[PDB]
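Enquirer:
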Amino acid sequence: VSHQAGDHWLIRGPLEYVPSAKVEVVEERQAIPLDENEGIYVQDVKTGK
Amino acid sequence: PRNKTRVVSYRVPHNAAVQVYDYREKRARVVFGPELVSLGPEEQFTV
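Quick note, the sequences are listed as chains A0 and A9, same order.
Counted the way the deposited numbering counts, the first sequence spans residues 349 to 397.
Counted the way the deposited numbering counts, the second sequence spans residues 451 to 497.
1. Where does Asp392 (chain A0) fall in DSSP's three states?
2. If you draw a straight line from the alpha carbon of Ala379 (chain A0) to that of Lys394 (chain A0), how long is it in whole angstroms?
3. Give a yes or no on contact between the segment 452-466 of chain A9 and the segment 478-489 of chain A9, applying the rule of three or more CB pairs nearer than 8 Å.
4. What are the residues in the segment 361-394 of chain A0 lying within 8 Å of chain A9 by C-beta distance?
5. Go to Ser459 (chain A9), then tell me how far its beta strand (DSSP E) extends in each direction, as first and last residue.
6. How far does the beta strand (DSSP E) with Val468 (chain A9) in it extend, from its first residue to its last?
7. Using a Cβ-Cβ cutoff of 9 Å, what residues of the segment 481-497 of chain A9 are near chain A0? List them in chain order.
8. Please list the terminal residues of the continuous beta strand (DSSP E) segment that includes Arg377 (chain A0).
9. For a cutoff of 8 Å on Cβ pairs, would you count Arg477 (chain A9) as touching chain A0?
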């Protein structure tokens, strides 16, 4: 896979990661657990929706 | 103090009824007579 300068992406799941010299780790990110009735509001900042 | 992780149960008396609603399965139930009524994760007693 390829990425442009200034792109963000997410990596997830069971893995080992060492950041390439070209990569900045922006934040640690974590799942939010929710039962079949529970939810969250999320804004997709790229479209605004 | 009640251990919140244990299933909530009520011993219904003889000649009595309890109304429970499952706010997740969307199923209503009324339990008559002497019976042990246990609530699912989202079920609630009618007060």
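Even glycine gets a Cβ: it sits at the ideal position worked out from N, Cα and C.
Expert: So, from the listed chains and residues:
1. For the purposes of this step, residue 392 (chain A0) is identified with residue 44 of the first sequence, where counting begins at 1. Reduced to three states, the DSSP call for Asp392 (chain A0) is coil.
2. Counted from its first residue, the first sequence places residue 379 (chain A0) at position 31. Counted from its first residue, the first sequence places residue 394 (chain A0) at position 46. Each residue's alpha carbon lies about 21 Å from the other.
3. yes
4. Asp383, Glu384, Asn385
5. As a working mapping, residue 459 (chain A9) is identified with position 9 in the second sequence. Counting along the chain, the beta strand (DSSP E) containing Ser459 (chain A9) begins and ends at 459-462.
6. Counting from 1 along the second sequence, the entry for residue 468 (chain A9) is found at position 18. Its beta strand (DSSP E) spans residues 467-472.
7. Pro491, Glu492
8. What you label residue 377 (chain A0) is simply residue 29 of the first sequence in a count that begins at 1. Per DSSP, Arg377 (chain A0) belongs to no beta strand (DSSP E) and is neither H nor E.
9. The sequence position of residue 477 (chain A9) within the second sequence is 27, counting from 1. It does not: the Cβ of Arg477 (chain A9) has no partner Cβ on chain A0 nearer than 8 Å.
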